[PDB]
Structure formats: C-alpha cells, structure tokens
>>> print(open('query_15.cif').read())   # mmCIF, C-alpha atoms
data_target
loop_
_atom_site.label_atom_id
_atom_site.label_comp_id
_atom_site.auth_asym_id
_atom_site.auth_seq_id
_atom_site.Cartn_x
_atom_site.Cartn_y
_atom_site.Cartn_z
CA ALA A 1 -85.99 -164.08 13.61
CA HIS A 2 -86.93 -162.14 10.49
CA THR A 3 -88.75 -163.48 7.43
CA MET A 4 -89.54 -161.53 4.25
CA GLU A 5 -91.52 -162.97 1.33
CA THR A 6 -92.31 -161.09 -1.87
CA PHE A 7 -94.45 -162.37 -4.74
CA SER A 8 -95.31 -160.92 -8.15
CA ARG A 9 -97.38 -162.24 -11.04
CA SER A 10 -98.30 -160.75 -14.42
CA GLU A 11 -100.79 -162.26 -16.87
CA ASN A 12 -101.45 -160.72 -20.28
CA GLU A 13 -103.82 -162.12 -22.89
CA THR A 14 -104.64 -160.78 -26.35
CA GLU A 15 -106.89 -161.95 -29.16
CA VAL A 16 -107.57 -160.55 -32.63
CA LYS A 17 -110.05 -161.84 -35.21
CA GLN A 18 -110.77 -160.64 -38.73
CA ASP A 19 -113.20 -162.26 -41.18
CA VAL A 20 -113.86 -161.02 -44.71
CA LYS A 21 -116.48 -162.43 -47.08
CA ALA A 22 -117.62 -161.49 -50.57
CA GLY A 23 -120.01 -162.79 -53.18
CA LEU A 24 -121.32 -162.17 -56.68
CA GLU A 25 -124.08 -163.63 -58.83
CA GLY A 26 -125.92 -162.98 -62.07
CA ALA A 27 -127.69 -164.52 -65.03
CA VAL A 28 -128.92 -163.46 -68.47
CA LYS A 29 -130.91 -165.67 -70.86
CA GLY A 30 -130.21 -168.58 -68.52
CA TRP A 31 -126.43 -168.13 -68.83
CA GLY A 32 -126.06 -167.96 -65.07
CA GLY A 33 -123.09 -167.69 -62.79
CA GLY A 34 -121.93 -167.01 -59.26
CA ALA A 35 -118.77 -166.53 -57.25
CA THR A 36 -117.78 -166.31 -53.58
CA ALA A 37 -114.63 -165.60 -51.60
CA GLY A 38 -113.54 -165.56 -47.98
CA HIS A 39 -110.61 -164.86 -45.71
CA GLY A 40 -109.87 -165.21 -42.01
CA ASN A 41 -107.18 -164.23 -39.54
CA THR A 42 -107.02 -165.05 -35.81
CA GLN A 43 -104.01 -164.17 -33.63
CA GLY A 44 -103.76 -164.95 -29.92
CA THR A 45 -101.10 -164.26 -27.30
CA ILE A 46 -100.70 -165.33 -23.66
CA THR A 47 -97.77 -164.03 -21.60
CA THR A 48 -97.28 -165.01 -17.96
CA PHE B 1 -127.24 -177.13 -71.49
CA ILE B 2 -124.26 -177.21 -69.09
CA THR B 3 -123.42 -176.27 -65.50
CA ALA B 4 -120.08 -176.26 -63.70
CA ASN B 5 -118.96 -175.75 -60.11
CA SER B 6 -115.72 -175.43 -58.17
CA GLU B 7 -114.75 -174.95 -54.54
CA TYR B 8 -111.42 -174.44 -52.77
CA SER B 9 -111.10 -174.19 -48.99
CA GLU B 10 -107.71 -173.87 -47.30
CA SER B 11 -106.82 -173.43 -43.64
CA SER B 12 -103.70 -173.04 -41.52
CA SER B 13 -103.08 -173.12 -37.77
CA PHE B 14 -100.02 -172.62 -35.58
CA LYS B 15 -99.35 -172.62 -31.83
CA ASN B 16 -96.12 -172.10 -29.90
CA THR B 17 -95.48 -172.17 -26.14
CA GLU B 18 -92.20 -171.35 -24.40
CA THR B 19 -91.77 -171.94 -20.66
CA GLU B 20 -88.76 -171.02 -18.53
CA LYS B 21 -88.40 -171.68 -14.81
CA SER B 22 -85.55 -170.91 -12.44
CA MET B 23 -85.07 -171.58 -8.73
CA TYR B 24 -82.15 -171.03 -6.40
CA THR B 25 -81.72 -171.51 -2.66
CA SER B 26 -78.75 -170.38 -0.56
CA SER B 27 -78.36 -171.31 3.11
CA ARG B 28 -75.52 -170.21 5.38
CA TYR B 29 -75.09 -171.27 9.02
CA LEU B 30 -72.32 -169.23 10.66
CA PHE B 31 -71.44 -170.22 14.25
CA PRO B 32 -68.41 -168.22 15.41
CA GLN B 33 -66.34 -168.76 18.51
CA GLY B 34 -64.08 -165.72 18.54
CA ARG B 35 -60.91 -164.33 17.06
CA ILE B 36 -57.24 -165.22 17.57
CA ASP B 37 -54.50 -162.64 16.99
CA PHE B 38 -50.75 -162.92 16.47
CA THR B 39 -48.43 -159.97 17.02
CA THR B 40 -46.36 -158.63 14.13
CA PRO B 41 -42.91 -157.13 14.82
CA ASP B 42 -44.13 -153.79 13.47
CA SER B 43 -46.59 -153.63 16.38
CA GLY B 44 -43.72 -153.24 18.83
CA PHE B 45 -45.38 -155.33 21.53
CA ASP B 46 -43.27 -157.58 23.73
CA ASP B 47 -45.27 -160.71 22.91
CA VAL B 48 -44.32 -161.20 19.27
#
>>> encode(input="query_15.cif", output="structure tokens")
Amino acid sequence: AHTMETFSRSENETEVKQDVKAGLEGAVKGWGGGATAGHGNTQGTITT
Amino acid sequence: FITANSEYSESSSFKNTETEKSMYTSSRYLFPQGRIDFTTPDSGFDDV
C-alpha cells in the first residue's frame, strides 16, 4: 500500500489608505469666511 | 448683517468576491486473471 498526500495554500492580503484634508479661513471688517475640503481612498485585496 | 453656510459630503463603497472550487476523484479496481492467445497463420505454429 502506498499513499501520497500533498497540500498547498497561499493567502495574500493588501490594504491601502489615503486621506487628504485642507482648510482656509479669514475675515476683514467682519466680512468673514471659511472653506474646507477632503478626500479619501481605501483599496483592499484578499487572494486565497 | 448676513451669514451663509454650505456642506456637501459624498461617499462610495464597492466589494467583490469571486470563489471557484473544483474536485475530482478517480478510482480504478483492476483484477486480472491472465491472458489468452490465438495463433495467427503468419506465426507458422501447428495450432492455428
């Protein structure tokens, strides 16, 4: 009797994040103002 | 005398999974008994 068993497994995982933020403000003689902006990006990957 | 404000927030999300599986089994039970021969005229043997 002869038995042969072979097993292989590969797991790969990847994650990327990227956040950007910006802002502005100012006022003269009470004529005020402000602004703000943002951006995001998240990418994941799982391979088995 | 006046103030104003505005906001805009937007978001998107996406996920995608692909799974593939495959299995195959092959069994062969070979129980011989022997071999039977017939004689061809080209052999030249008397039993033909």
>>> residues_around(input="query_15.cif", residues="residue A:19", least_positions_apart="2", cutoff="12 Å", atoms="only C-alpha atoms", output="PyMOL selection string")
chain A and resi 16-17+21-22+37-42
>>> closest_residue(input="query_15.cif", among="A:10, A:3, A:47, A:18", to="chain B", atoms="only C-alpha atoms")
A:47
>>> closest_residue(input="query_15.cif", among="B:3, B:12, B:33, B:39", to="residue A:30", atoms="all atoms listed in the file")
B:3
>>> atom_distance(input="query_15.cif", atom1="atom CA of residue B:5", atom2="atom CA of residue A:34")
9.3 Å
>>> interface_residues(input="query_15.cif", of="chain B", to="chain A", cutoff="12 Å", atoms="all atoms listed in the file", output="PyMOL selection string")
chain B and resi 1-21
>>> atom_distance(input="query_15.cif", atom1="atom CA of residue A:12", atom2="atom CA of residue B:25")
28.6 Å
>>> atom_distance(input="query_15.cif", atom1="atom CA of residue A:4", atom2="atom CA of residue B:29")
18.1 Å
